[PDB]
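Let us start with two forms of the same protein chain, each given on its own as structure tokens and named structure 1 and structure 2.
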Structure 1
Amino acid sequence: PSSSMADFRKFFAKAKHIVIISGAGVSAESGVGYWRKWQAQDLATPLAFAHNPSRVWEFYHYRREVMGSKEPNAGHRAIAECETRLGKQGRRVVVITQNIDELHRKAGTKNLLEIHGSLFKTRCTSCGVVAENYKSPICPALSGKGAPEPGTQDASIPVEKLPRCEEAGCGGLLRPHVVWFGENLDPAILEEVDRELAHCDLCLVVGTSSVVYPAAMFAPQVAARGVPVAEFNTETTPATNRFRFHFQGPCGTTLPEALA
């Protein structure tokens, strides 16, 4: 895999359709552990939610509230500025993210496929309706709840006071619209993804470990068509040798240059 910025820029100057796949590394420079005695694998499951809907909500309230505090970094801003600039030229730029933090959106990204959901979306467990939700707090019973520090315990909010569906006559319990461990990704989103990968002529893979499916396989799918894929990561990954470029470093340094 090459590290030639100049050779990358030749492709970038001419690309009609850029796909940018992002993961958690893209938000590292925005300052985005354990929450109380648990890690994500113990909370972000349907079984956890079924057993303690209040505790899973405290956890999601806390993450939503922390986000309000976080700012997109130079990486997220370079990606958003790119889309705005090319779009004045009829050139397409889309972001396919694994992240649920919505910092791409806060940076000004408009073409965004969020394959794992969003902290800022809800789904009704009764009627299935999805909606956006930016309210701090999401419900008054969660106000001040979710503190991760030692000495905090379960709020034990009765389920009828947790977020509820406003559809007429529904009244159901809402959950975060995020893909939990064990759950399938939405088939409709994956078709939109397949369409973007098939049609792109330059692909960037940014801050992802490239080992978690199905996103692990997106950039290799593109590189297999003979399209250049550029990886932007602090380290090599197991997929690195499948790609045309590798640009090592924090993406807040390397992206503003590559996408200038």
Structure 2
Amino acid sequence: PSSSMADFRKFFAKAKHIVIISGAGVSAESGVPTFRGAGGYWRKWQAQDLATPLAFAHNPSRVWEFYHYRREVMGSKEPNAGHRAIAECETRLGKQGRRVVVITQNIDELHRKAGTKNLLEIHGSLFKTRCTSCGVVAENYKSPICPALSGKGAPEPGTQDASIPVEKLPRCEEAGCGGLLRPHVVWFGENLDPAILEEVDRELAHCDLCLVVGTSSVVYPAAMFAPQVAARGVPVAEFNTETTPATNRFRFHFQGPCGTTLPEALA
């Protein structure tokens, strides 16, 4: 693919419907542990080990420890220059009658914290719960999410399983439900929300410009989103520290932290 910014900036100068798809690179640049590999571990596991309905079924305490860690750690993280540039870009192009939509794979809400409005969080949120009994989805920023998790979730291996009994894990507070809560996060082996997918479809169908920022394009179906946009001929710009299995299907490929390239690229 090209690495010519002047040429990217041509299309960008005129684009009316920009779709910006983001992945864990963008969060990593804020200091958010994304447990992707080849050295993204929590104790002895990575996301694909613990972010699964099987992991949750067999050890709900350990999965809760993991997401508890990840919730707490966010207290000190801020959005980075890439987040801000995306958010200001939206605000600016907005005024000019031009559309910017963010489609994120990330569950950390940094795009929201930065000021992004048109945000599709296709894999859910660290700060939302769903009740496994009644299905209610609720925002939850509570630190700690429950008393029994106070002081738990330490990432060092060797760390002992808290083994909270399920009664003392996060429970639904809807009168007379009592159900066990889970993170409102799309796990491996689960479906994305079809209502969210239809939105994403509408956005990809109607876009004239597409950016794919800090994604390693190995997570499906999100990995198909940008290639689909390049398949109607629409230019896709990959912003990434590395090349990916998707790279040669795109128009551009800008190397480096999204924090460095995006503020230039979306000025």
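Along the sequence of structure 1, residues get numbers from 1 upward. What we label the rigid core is the largest C-alpha set whose atoms superpose within 1.5 Å from one form to the other.
> Superposing on the core, which single option in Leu86, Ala155, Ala107, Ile96 has a CA shift of 2 Å or more between structure 1 and structure 2?
Replying inline: That would be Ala155.
>> Superposed on the rigid core, does the Cα of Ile138 end up 2 angstroms or more away between structure 1 and structure 2?
In response: Result for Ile138: yes, a 2 Å-plus shift.
> Would you say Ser209 moves between structure 1 and structure 2, meaning its CA shifts by 2 Å or more once the core is fitted?
Replying inline: No, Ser209 moves less than 2 Å.
> Relative to the superposed rigid core, does the CA atom of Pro187 travel 2 Å or more between structure 1 and structure 2?
Replying inline: For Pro187, whose C-alpha is compared between structure 1 and structure 2 after core superposition, the shift is less than 2 Å.
> Rigid-core fit: what Cα movement does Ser54 have between structure 1 and structure 2, in Å to one decimal?
Replying inline: With the cores aligned, its C-alpha sits 4.0 Å away.
>> When the rigid core is overlaid, by how much has the CA of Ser22 moved between structure 1 and structure 2, in Å to one decimal?
In response: Once the two forms are fitted on their core, the shift reads 0.4 Å.
> By how many angstrom is the CA atom of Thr125 displaced between structure 1 and structure 2 after fitting on the core?
Replying inline: Taking the core as reference, the C-alpha of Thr125 is shifted 1.9 Å.
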